[PDB]
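> Sharing a structure with you now.
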2 protein chains.
Amino acid sequence: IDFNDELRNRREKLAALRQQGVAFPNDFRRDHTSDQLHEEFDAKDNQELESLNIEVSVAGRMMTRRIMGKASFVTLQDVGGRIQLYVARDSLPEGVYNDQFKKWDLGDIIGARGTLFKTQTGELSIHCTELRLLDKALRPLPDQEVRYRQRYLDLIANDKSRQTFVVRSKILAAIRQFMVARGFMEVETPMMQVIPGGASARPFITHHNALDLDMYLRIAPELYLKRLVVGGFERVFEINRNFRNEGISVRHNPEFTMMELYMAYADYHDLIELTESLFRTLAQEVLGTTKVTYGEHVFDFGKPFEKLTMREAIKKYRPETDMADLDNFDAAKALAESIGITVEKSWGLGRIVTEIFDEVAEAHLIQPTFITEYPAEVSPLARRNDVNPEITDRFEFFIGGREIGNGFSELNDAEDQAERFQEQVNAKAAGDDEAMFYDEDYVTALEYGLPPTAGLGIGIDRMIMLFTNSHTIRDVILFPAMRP
Amino acid sequence: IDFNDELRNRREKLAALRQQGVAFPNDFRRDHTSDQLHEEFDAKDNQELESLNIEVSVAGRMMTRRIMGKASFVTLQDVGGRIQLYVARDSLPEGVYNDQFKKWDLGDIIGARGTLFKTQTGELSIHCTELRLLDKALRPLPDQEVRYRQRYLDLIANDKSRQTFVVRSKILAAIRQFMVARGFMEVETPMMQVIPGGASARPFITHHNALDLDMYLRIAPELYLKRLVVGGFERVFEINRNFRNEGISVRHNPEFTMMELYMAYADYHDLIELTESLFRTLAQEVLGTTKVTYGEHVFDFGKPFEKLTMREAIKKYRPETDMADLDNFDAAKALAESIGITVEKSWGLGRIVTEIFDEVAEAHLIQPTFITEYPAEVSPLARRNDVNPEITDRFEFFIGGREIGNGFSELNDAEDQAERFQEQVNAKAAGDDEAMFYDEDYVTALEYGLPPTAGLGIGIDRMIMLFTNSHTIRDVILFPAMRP
Ligand SMILES: Nc1ncnc2c1ncn2[C@@H]1O[C@H](COP(=O)(O)OP(=O)(O)OP(=O)(O)OP(=O)(O)OC[C@H]2O[C@@H](n3cnc4c(N)ncnc43)[C@H](O)[C@@H]2O)[C@@H](O)[C@H]1O
Ligand SMILES: Nc1ncnc2c1ncn2[C@@H]1O[C@H](COP(=O)(O)OP(=O)(O)OP(=O)(O)OP(=O)(O)OC[C@H]2O[C@@H](n3cnc4c(N)ncnc43)[C@H](O)[C@@H]2O)[C@@H](O)[C@H]1O
Ligand SMILES: [Ca+2]
Ligand SMILES: [Ca+2]
Ligand SMILES: [Ca+2]
Ligand SMILES: [Ca+2]
Ligand SMILES: [Ca+2]
Ligand SMILES: [Ca+2]
């Protein structure tokens, strides 16, 4: 009703601008943004701003306007923030005030040129000697999911989302710097693979027409990264997007940004210290402090993370459990059923134990926590432990009740890797469509030999969630997946 | 072959290492890499190295060995380069030399701990007080396509490809640094879109199971990035991978790295000077000079690039052309046929002129050259010129006979964009499967209004080709697409 009246009115105004000339001038140039004028002239008296004649030009969206009849006050908005404009009838060229400015609408992109002063409240404002219309907005300035469908409106309105994504950029940059300072080289491994691997999930399938070849979207860079380690890049990492067919969730998006790093001649303890130093560095550089407020909790990243094994977490958060039930398939299956887990025919003992850990523990790990000693069945790419060959040297890394990152001592054994891939093929035959495939090339690389290597990966979106006080992954991803 | 016999021999050795204990020790740590020891102690004679007892430990692949019977010489290779080891029988623990060292094979991953000295030739060497086998290579040390299929072998053998990809990493880092210094914010936009756009090519199609939605792989970030410029991020860029269904060519890969930047309140001339400053800066920082040797040519990036229009290039590289034939559909179609272009029913006049430019000109542009004044038919997202509504303000930027990047003043007109989208849908209906789709959401964003904006994009792989003296894109991409 009233919205379509605005649409017709503004549309007819744009058409009138077409009538008389150029309605889309691209020639306007600005020498300043609001955040710069604030970061410089915020604390200066109107006496110093009057003696120094400082002319600036800015451009942005017109957010608010108050017309007082030959003097008007405008709120202008650009990347850095808001700056205030003083629009005077007799301080502009003839007719600009009455025949142009007063006919503009909120949301139109304009630009202004004037001298700096401060109002009676001490606010920095630009007395306008020139004002003109760069673009005419056809819709006026702006349920809970509409923020995610049209993110431009969310960015225009709420500054919390703006700060969230700016913080995301700053965090990514700080991560690249923290990795480079330690001697790691950032690479680009294929995003489209013939054989997907490196994790367990449903891959996306597409078709390459020129080669008539069905290819999968990457579920993990892992195998190609370790191939590059065989090549002799012994400190390597990739921060890039992986694709999984799983589905939408608060913690899940079909395409997400992940970091995977690998350093030779190290084990997973080095990656524990590397993780703690990573979060301490991002906490100090990105925000203010090692103490980060998240929801109803406070994370202290100057404090070492809590370390537990998987069985220690199961027994910790379910003390009534008999730990002998985890040494037998039938008792473990009965236990998992008692929790409410639906067991699959393809599941072995280790998988049942791990799922029991998922239902019992994961939701209770709030403070940052490392979970170690995973079974070999659910860790096909991880190095076997020396004392207990049925478990691998591995850890998953949890913050705020969700898995953040994953790291392990990589398995450089060729025959063992091939055999566990065989097990994964058997599992895929048994109905588990998240199971990996058999990759013969990676086995060949391991036969050319892979130095003892540790490797880590971290879902970046989860991390930025933790640092922005954002409780949904949709708040931290610019254009997440929707449900039409 | 004799290769398989040695392979079985190494496998038997590895099994013997399983028999007597741990065959995959991960506990060895190194405090130095070869490039560090070279960057420090290369300038010191054996007199200074004798007074200072400097003990270092290194680890890496054993490339060469000469066993002289209680004295041996080993070349060790790691990330930073090669370093030489002096393995003495009586300088190691008992049995290490005879029962272990002499049984190792070339390519095995080892580690050494010793004191620094210089041989009679001045070579920096590590006298080994300890040596042990970290990983046992099951296959011995290694043109055509083998380099591309197995890249660990290429990186192990050829030191040229190594520093090719290292130069790639350093270039990418320098590009992010060069963009951040100018106020651009790096951004992540979807890799999977419901409606692909921003370019013309066959997209990859896949299926999301949870949403029962068929989705396309990104052919360009453009639409989402400009959406974010509407949101108020007025300097944005994305360096990330785009997917197109094309084929394997010298200049083509199905998945390739792209940079797309957008700055509001600017036109394409600002992007021309931005590009020249970009290549001059990268050339000075990475290669130490403005003059870059590529093949048989020398590019000078301290020199401004050559500027031509499209018709000026058609007439320059085909002077017998009558430029009136490009103003009429039948004359232009007959002309393109005379060149050998196969015209399609969906092609209009501007398309014919652009394809004539491609056949006549592109292969002849060796020195960096800007080509301006593109027709609106092949530039649906570009702002129309003021004097000639049938052409748009746009340029494509060529080096070494290939296209590198393209940039234009973006089209902020909503109705015009809608109409050009309509024409692209008509083109798809007319048989052209590279034509775009109709994106209603982007039109909606343009109706919320997009400030006057200029935008650019650059194939990164082509650029790294120019800076590595690589004449195929396969040399500059770690794992390119192969033919099974
Ligand atoms: N489709 C779904 N819908 C609803 N609930 C689901 C779900 N899938 C799992 N869950 C929940 O998770 C619990 C246990 O299932 P898991 O499969 O073990 O947990 P996960 O969160 O999916 O981590 P995963 O192990 O699979 O990824 P990876 O380390 O290889 O990779 C390393 C890092 O990558 C990140 N990551 C993985 N998948 C991601 C995704 N779709 N989106 C964003 N980040 C992701 C993670 O931070 C991870 O740490 C379940 O009980 C369930 O509640
Ligand atoms: N599959 C094929 N096989 C054999 N010959 C072929 C071929 N395709 C084209 N050719 C030859 O090239 C000539 C001209 O064709 P064009 O289509 O005009 O040249 P192009 O290299 O394909 O640039 P394009 O137009 O597609 O990219 P865009 O501006 O959107 O902007 C994207 C930017 O990113 C880069 N880029 C685009 N696609 C890329 C890819 N697969 N790999 C690496 N970089 C790519 C580019 O620098 C580009 O500027 C043809 O006559 C033909 O001889
Ligand atoms: Ca999962
Ligand atoms: Ca898990
Ligand atoms: Ca995991
Ligand atoms: Ca193309
Ligand atoms: Ca073209
Ligand atoms: Ca092009």
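Every residue number used here counts from 1 along the chain in the order it is shown.
We read in the header that X-ray crystallography, 3.2 Å was used to get this structure.
Cβ coordinates come from backbone N, Cα and C, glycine included.
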> For which of A:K102, A:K160, A:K345 does Swiss-Prot record the feature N6-acetyllysine?
A:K102
> Can you tell which of the binding-site residues (A:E396, A:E403) has the fewest other C-beta atoms within 10 angstroms of its C-beta?
A:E403
> Relative to the Cβ of A:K102 (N6-acetyllysine), which residues of the same chain, six or more apart in sequence, are found under 8 Å away?
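A:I67, A:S72 - these are the non-local Cβ neighbours of A:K102 (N6-acetyllysine), listed in sequence order.
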> Quick check on the gap: 7 residues absent, flanked by A:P142 and A:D143. Distance between their CA atoms in Å?
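Cα to Cα, the distance spanning the unmodelled stretch is 12 Å.
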> Quick check: in three-state DSSP terms, what is A:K102 (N6-acetyllysine)?
helix
